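Coordinate analysis (summary)
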Amino acid sequence: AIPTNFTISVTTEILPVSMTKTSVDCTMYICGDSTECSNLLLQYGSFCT
Amino acid sequence: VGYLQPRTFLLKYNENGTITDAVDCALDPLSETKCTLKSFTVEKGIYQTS
Amino acid sequence: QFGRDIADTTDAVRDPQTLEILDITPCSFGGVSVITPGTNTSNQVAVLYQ
Ligand SMILES: *[C@@H]1O[C@H](CO)[C@@H](O[C@@H]2O[C@H](CO)[C@@H](O)[C@H](O)[C@H]2NC(C)=O)[C@H](O)[C@H]1NC(C)=O
Ligand SMILES: *[C@@H]1O[C@H](CO)[C@@H](O)[C@H](O)[C@H]1NC(C)=O
Ligand SMILES: *[C@@H]1O[C@H](CO)[C@@H](O)[C@H](O)[C@H]1NC(C)=O
């Protein structure tokens, strides 16, 4: 079976390339503006880094 | 005469046990990045501080 | 007497004298970054307030 005519077709492909960049202030999230909580949290600085 | 305040300092001990240098971690953003990296030397770049 | 948001923190209060409702807002906000060419080269820096 041999084709006798043709068709020219255009199709689309969608690909993700990047995502949102985020940063966290560890003390702001855990303690807010409490000085006492920050003095207590000074024992966990390595984990936030 | 000067007056003391509660501060966080990064002190340096040499191989004989004497304090030879210090960083005041809340003077400048540069000092804050020094304090975070735990080094007295900072390489070229952009750093998030606080 | 008190109002609380989704995070459960208190954000509104009735004044016990004048009986008026007041909103409470934190006063620490906004991100900061520091640009350095390297402490080896120089101590001059730039600061970006986002
Ligand atoms: C090959 O296929 C094309 C269609 O893709 C044919 O062209 C059509 O021909 C009809 C009538 O024969 C017209 O009404 C259409 O408008 C034509 N299409 C276009 C895009 O011009 C073509 O005739 C076919 N060839 C053979 C030999 O079969
Ligand atoms: C440390 O002690 C040694 C031996 O006493 C001495 O030679 C040296 O100069 C001292 N200081 C430093 C910075 O090593
Ligand atoms: C309480 O004191 C304030 C000001 O002194 C006054 O305006 C108010 O009427 C007093 N009484 C009550 C119930 O708030």
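Residues numbered from 1 in each chain as written, not as in the entry; some residues may be left out. Chains lettered and ligands numbered in written order. Part of a larger assembly, values for the part shown. Heavy atoms only, no water.

So, about the UniProt feature "disulfide bond" in chain A. All names here are of chain A. In this model the annotated disulfide between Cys26 and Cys48 is intact, with an S-S distance of 2.0 Å against a 2.5 Å threshold. With a gap of 22 residues between them, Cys26 in helix α1 (residues 26-30) and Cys48 in helix α3 (residues 45-48) connect regions that are remote in the sequence. Structure remark: disulfide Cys31/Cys37 (UniProt) confirmed, S-S 2.0 Å. According to the relative accessible area criterion, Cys37 is partly exposed, its value standing at 24%. (Disulfide = S-S within 2.5 Å. UniProt positions renumbered as here; feature names shortened; annotations may be inferred. Helix = DSSP H or I, 4+ residues; strand = E, 2+ residues; numbered from the N terminus. Buried < 20%, exposed > 50% of the residue type's maximum accessible area, 1.4 Å probe, protein only.)

Counting residues at the interface gives 12 residues for chain C and 15 residues for chain B. Carbon and sulfur atoms supply 57% of the area buried between chain C and chain B, which totals about 1000 Å² over both sides. When the buried surface of chain C facing chain B is broken down by residue, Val34, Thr36 and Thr39 of chain C rank first, second and third, together holding 48% of it. The interface formed by chain C and chain B holds zero salt bridges in total. Counting across the chain C and chain B interface gives six residue pairs in polar contact. In the side of chain C that touches chain B, the residues fall into five nonpolar, seven polar and no charged. In this sheet, strand β4 (residues 32-36) of chain C lies alongside strand β3 (residues 45-48) of chain B in antiparallel orientation, the contact comprising four bridges. (Contact = heavy atoms within 4.5 Å. Buried area = accessible area lost by both parts, 1.4 Å probe. Salt bridge = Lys/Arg side-chain N within 4 Å of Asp/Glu carboxyl O. Polar contact = N/O pair within 3.5 Å; in protein donor to acceptor, adjacent residues only side chain to side chain. Nonpolar A, V, L, I, M, F, W, Y, C, P; charged D, E, K, R; others polar. Pairing = 2+ DSSP bridges.)

Attention now moves to the site of ligand 2. Residue and element names in this part refer to chain B. In the region of ligand 2, the neighbouring residues are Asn14, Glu15 and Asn16. One of the side-chain N or O atoms of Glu15 is found 2.8 Å from an oxygen atom in ligand 2. Within the side chain of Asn16, one N or O atom sits 2.4 Å away from an oxygen atom of ligand 2. (Near = heavy atom within 4 Å.)

Residue and element names in this part refer to chain C. Sheet architecture is open: three strands sit in the order β1-β2-β3, paired in antiparallel fashion. The outermost strands of the open sheet, each flanked by one partner alone, are β1 (2-4) and β3 (21-23). Across the sheet, the mean angle separating the axes of adjacent strands is 20° when strand polarity is ignored. Where β1 and strand β2 (residues 10-14) come together, three bridges link them in antiparallel fashion. The partner of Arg4 across the bridge, within β2, is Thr10. (Axes fitted to C-alpha atoms, helices over the stretch in contact; angles between N-to-C directions.)

Tallied over the entire structure, the rule returns zero aromatic pairs over all chains. Directly above the aromatic system of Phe40 of chain B lies the positively charged group of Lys12 of chain B, at a separation of 4.9 Å from the ring centroid. (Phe/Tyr/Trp six-rings, centres within 6.5 Å; stacked < 30°, edge-to-face > 60°. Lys NZ or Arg CZ within 6 Å of the ring centre and 35° of its normal.)

As summarised here, the arrangement of the three strands in space is β3(B)-β4(C)-β5(C), forming an open sheet in which the pairing is antiparallel. Strands with a single pairing partner mark the edges of an open sheet, and in this sheet they are β3 of chain B together with β5 (46-49) of chain C. Here the average twist between neighbouring strands, direction ignored, is 25°.

Attention shifts here to the state of the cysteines. Considering all chains together, one arrives at three disulfides over all chains under this definition. Disulfide partner of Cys31 of chain A: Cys37 of chain A, at an S-S distance of 2.0 Å. Disulfide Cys31 of chain A-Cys37 of chain A: torsion about the S-S bond near -70°, hence left-handed. Bridging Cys25 of chain B to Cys35 of chain B, the disulfide has an S-S length of 2.0 Å. Residues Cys25 of chain B and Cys35 of chain B are joined by a disulfide whose S-S torsion is about 80°; by sign, that bridge is right-handed. In this pair, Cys25 of chain B sits in the loop between β2 (19-24) and α1 (29-37) while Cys35 of chain B sits in helix α1, placing the two residues 10 residues apart along the sequence. What makes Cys25 of chain B buried here is its relative accessible area of 9%. If one numbers only the bonded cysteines of chain A, in the order they occur, the disulfide pattern is 1-4, 2-3. Here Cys27 of chain C is not disulfide-linked; the sulfur of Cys31 of chain A is the nearest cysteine sulfur, at 16 Å. Its relative accessible area of 73% is what places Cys27 of chain C among the exposed residues.

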